[PDB]
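Reproduced below: run12.cif, with mmCIF, C-alpha atoms.
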data_input
#
loop_
_atom_site.group_PDB
_atom_site.id
_atom_site.type_symbol
_atom_site.label_atom_id
_atom_site.label_comp_id
_atom_site.auth_asym_id
_atom_site.auth_seq_id
_atom_site.Cartn_x
_atom_site.Cartn_y
_atom_site.Cartn_z
ATOM 1 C CA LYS A 252 -15.612 52.561 -15.189
ATOM 2 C CA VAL A 253 -18.638 54.683 -16.065
ATOM 3 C CA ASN A 254 -20.137 56.858 -13.300
ATOM 4 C CA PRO A 255 -23.864 55.871 -13.264
ATOM 5 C CA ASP A 256 -24.501 59.606 -14.086
ATOM 6 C CA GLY A 257 -22.815 59.616 -17.563
ATOM 7 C CA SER A 258 -19.017 60.267 -17.897
ATOM 8 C CA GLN A 259 -16.274 57.685 -17.340
ATOM 9 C CA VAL A 260 -13.043 56.951 -15.419
ATOM 10 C CA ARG A 261 -9.891 56.141 -17.354
ATOM 11 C CA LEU A 262 -6.589 54.494 -16.463
ATOM 12 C CA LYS A 263 -4.914 57.951 -16.581
ATOM 13 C CA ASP A 264 -7.240 58.963 -13.703
ATOM 14 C CA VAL A 265 -6.086 56.120 -11.392
ATOM 15 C CA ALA A 266 -2.410 55.626 -12.488
ATOM 16 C CA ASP A 267 0.672 57.011 -14.270
ATOM 17 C CA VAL A 268 1.694 55.376 -17.556
ATOM 18 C CA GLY A 269 4.871 55.255 -19.582
ATOM 19 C CA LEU A 270 7.672 53.194 -21.021
ATOM 20 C CA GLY A 271 10.079 52.187 -18.287
ATOM 21 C CA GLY A 272 12.292 49.235 -17.379
ATOM 22 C CA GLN A 273 10.956 45.666 -17.260
ATOM 23 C CA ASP A 274 13.261 45.183 -14.356
ATOM 24 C CA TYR A 275 15.029 47.910 -12.285
ATOM 25 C CA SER A 276 17.207 45.600 -10.136
ATOM 26 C CA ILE A 277 20.434 45.596 -12.154
ATOM 27 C CA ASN A 278 22.015 48.768 -13.566
ATOM 28 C CA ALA A 279 25.460 49.866 -14.597
ATOM 29 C CA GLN A 280 27.798 52.561 -15.786
ATOM 30 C CA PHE A 281 31.008 52.795 -17.735
ATOM 31 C CA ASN A 282 33.709 55.045 -16.325
ATOM 32 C CA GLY A 283 30.891 56.977 -14.590
ATOM 33 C CA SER A 284 28.517 57.564 -17.410
ATOM 34 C CA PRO A 285 25.165 55.834 -17.610
ATOM 35 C CA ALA A 286 25.607 52.583 -19.597
ATOM 36 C CA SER A 287 24.382 49.082 -20.293
ATOM 37 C CA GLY A 288 25.817 45.759 -21.395
ATOM 38 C CA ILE A 289 25.342 42.034 -22.201
ATOM 39 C CA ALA A 290 27.821 39.748 -20.490
ATOM 40 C CA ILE A 291 28.472 36.702 -22.669
ATOM 41 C CA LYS A 292 29.267 33.215 -21.379
ATOM 42 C CA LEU A 293 30.944 30.752 -23.700
ATOM 43 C CA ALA A 294 29.077 27.632 -24.716
ATOM 44 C CA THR A 295 30.729 24.438 -23.343
ATOM 45 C CA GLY A 296 33.273 23.237 -25.881
ATOM 46 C CA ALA A 297 33.311 26.429 -27.888
ATOM 47 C CA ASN A 298 36.572 28.324 -28.506
ATOM 48 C CA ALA A 299 36.901 31.787 -26.868
ATOM 49 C CA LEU A 300 38.980 33.372 -29.641
ATOM 50 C CA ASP A 301 36.571 32.343 -32.415
ATOM 51 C CA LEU B 703 12.231 46.272 -57.419
ATOM 52 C CA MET B 704 11.758 49.539 -59.460
ATOM 53 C CA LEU B 705 15.487 49.989 -59.775
ATOM 54 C CA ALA B 706 16.663 46.453 -60.175
ATOM 55 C CA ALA B 707 14.331 46.485 -63.220
ATOM 56 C CA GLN B 708 16.314 49.402 -64.677
ATOM 57 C CA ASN B 709 19.475 47.372 -64.103
ATOM 58 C CA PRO B 710 20.687 45.507 -67.216
ATOM 59 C CA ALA B 711 22.628 43.033 -64.908
ATOM 60 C CA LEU B 712 19.435 41.356 -63.481
ATOM 61 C CA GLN B 713 16.064 40.066 -64.730
ATOM 62 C CA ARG B 714 12.856 38.410 -63.542
ATOM 63 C CA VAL B 715 13.272 40.215 -60.135
ATOM 64 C CA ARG B 716 10.077 39.429 -58.130
ATOM 65 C CA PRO B 717 9.177 39.554 -54.425
ATOM 66 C CA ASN B 718 8.684 36.041 -52.999
ATOM 67 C CA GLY B 719 5.941 36.910 -50.424
ATOM 68 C CA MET B 720 2.475 38.448 -51.181
ATOM 69 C CA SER B 721 1.378 42.100 -51.476
ATOM 70 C CA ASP B 722 -0.835 43.950 -48.961
ATOM 71 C CA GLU B 723 -4.522 43.422 -49.534
ATOM 72 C CA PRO B 724 -7.661 45.066 -48.235
ATOM 73 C CA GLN B 725 -8.848 44.056 -44.781
ATOM 74 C CA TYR B 726 -11.866 45.154 -42.856
ATOM 75 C CA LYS B 727 -10.969 46.772 -39.587
ATOM 76 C CA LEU B 728 -13.451 46.653 -36.696
ATOM 77 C CA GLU B 729 -13.771 49.716 -34.530
ATOM 78 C CA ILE B 730 -15.604 49.195 -31.232
ATOM 79 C CA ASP B 731 -16.695 52.291 -29.310
ATOM 80 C CA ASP B 732 -16.272 51.198 -25.704
ATOM 81 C CA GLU B 733 -18.211 54.418 -24.672
ATOM 82 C CA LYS B 734 -21.457 53.104 -26.285
ATOM 83 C CA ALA B 735 -20.689 49.514 -25.290
ATOM 84 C CA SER B 736 -20.497 50.305 -21.598
ATOM 85 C CA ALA B 737 -23.376 52.809 -22.025
ATOM 86 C CA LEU B 738 -25.519 49.847 -23.191
ATOM 87 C CA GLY B 739 -24.486 47.531 -20.316
ATOM 88 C CA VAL B 740 -22.470 45.226 -22.569
ATOM 89 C CA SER B 741 -19.132 44.084 -21.216
ATOM 90 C CA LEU B 742 -16.213 44.233 -23.747
ATOM 91 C CA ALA B 743 -14.806 40.791 -23.003
ATOM 92 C CA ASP B 744 -18.258 39.435 -24.086
ATOM 93 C CA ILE B 745 -17.828 41.408 -27.346
ATOM 94 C CA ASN B 746 -14.438 39.883 -28.056
ATOM 95 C CA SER B 747 -15.629 36.358 -27.129
ATOM 96 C CA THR B 748 -18.561 36.807 -29.525
ATOM 97 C CA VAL B 749 -16.325 37.867 -32.427
ATOM 98 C CA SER B 750 -13.762 35.072 -31.808
ATOM 99 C CA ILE B 751 -16.098 32.180 -31.133
ATOM 100 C CA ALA B 752 -18.432 32.989 -34.125
#
Will you turn the file into structure tokens for me?
Amino acid sequence: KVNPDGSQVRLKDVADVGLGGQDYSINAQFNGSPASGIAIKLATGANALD
Amino acid sequence: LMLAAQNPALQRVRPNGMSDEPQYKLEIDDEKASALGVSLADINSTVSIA
């Protein structure tokens, strides 16, 4: 917005902005250290070893 | 490309795609837009739809 007396209000004035998670629900760690992972399910009929 | 062409094992080595060409960027100063009472979404709709 623009104050009717010159000057303007920016997003930085009303909020904080930055790269963060798209979802914060799930999280994990590996032996104690911060981590991540993809769990993989096998497609029906596929062969686990391969 | 300018390496494969010094290589006497290859020949006729060309990119398949095209090469970057000039394009005319539009800058819109939202400061003067909102200072003249003109939306911003109306600007974009004008440039798309015309």
Explicit residues for the PyMOL selection byres ((chain A) within 10 of (chain B)) (as a PyMOL selection string): chain A and resi 252-253+255+257-259
Atom CA of residue 725 of chain B to atom CA of residue 743 of chain B, distance in Å rounded to a single decimal: 22.8 Å
Residue nearest residue 732 of chain B among A:261, A:299, A:292, A:256 (counting only C-alpha atoms): A:261
Let me have the centre and edge lengths in Å, one decimal, of the box along x, y and z around every listed atom of segment 711-724 of chain B with 8 Å of margin on each side, as AutoDock Vina command-line options.
--center_x 7.5 --center_y 40.6 --center_z -56.6 --size_x 46.3 --size_y 25.0 --size_z 32.7
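Relative to atom CA of residue 267 of chain A, atom CA of residue 731 of chain B is found at 23.5 Å.
Between atom CA of residue 270 of chain A and atom CA of residue 745 of chain B lies a distance of 28.8 Å.
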Picked residues, the PyMOL selection byres ((chain B and resi 716) around 12), expected as a list in words: residues 703, 704, 705, 706, 707, 712, 713, 714, 715, 717, 718, 719, 720 and 721 of chain B
Output file for the residues above (C-alpha atoms, as a short mmCIF file (atom, residue, chain, number, x, y, z; two decimals), in the frame of the given file):
data_model
loop_
_atom_site.label_atom_id
_atom_site.label_comp_id
_atom_site.auth_asym_id
_atom_site.auth_seq_id
_atom_site.Cartn_x
_atom_site.Cartn_y
_atom_site.Cartn_z
CA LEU B 703 12.23 46.27 -57.42
CA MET B 704 11.76 49.54 -59.46
CA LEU B 705 15.49 49.99 -59.78
CA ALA B 706 16.66 46.45 -60.18
CA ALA B 707 14.33 46.48 -63.22
CA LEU B 712 19.43 41.36 -63.48
CA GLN B 713 16.06 40.07 -64.73
CA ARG B 714 12.86 38.41 -63.54
CA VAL B 715 13.27 40.22 -60.14
CA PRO B 717 9.18 39.55 -54.42
CA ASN B 718 8.68 36.04 -53.00
CA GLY B 719 5.94 36.91 -50.42
CA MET B 720 2.48 38.45 -51.18
CA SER B 721 1.38 42.10 -51.48
#
Close residues, residue 288 of chain A itself excluded, 12 Å, only C-alpha atoms, min 5 positions apart in chain, as number ranges by chain: A: 277-281
Can you write just those residues out, C-alpha atoms, as a PDB file, keeping the file's coordinate frame?
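Contents of selection_5.pdb, as written:
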ATOM      1  CA  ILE A 277      20.434  45.596 -12.154  1.00  0.00           C
ATOM      2  CA  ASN A 278      22.015  48.768 -13.566  1.00  0.00           C
ATOM      3  CA  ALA A 279      25.460  49.866 -14.597  1.00  0.00           C
ATOM      4  CA  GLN A 280      27.798  52.561 -15.786  1.00  0.00           C
ATOM      5  CA  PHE A 281      31.008  52.795 -17.735  1.00  0.00           C
TER       6      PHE A 281
END
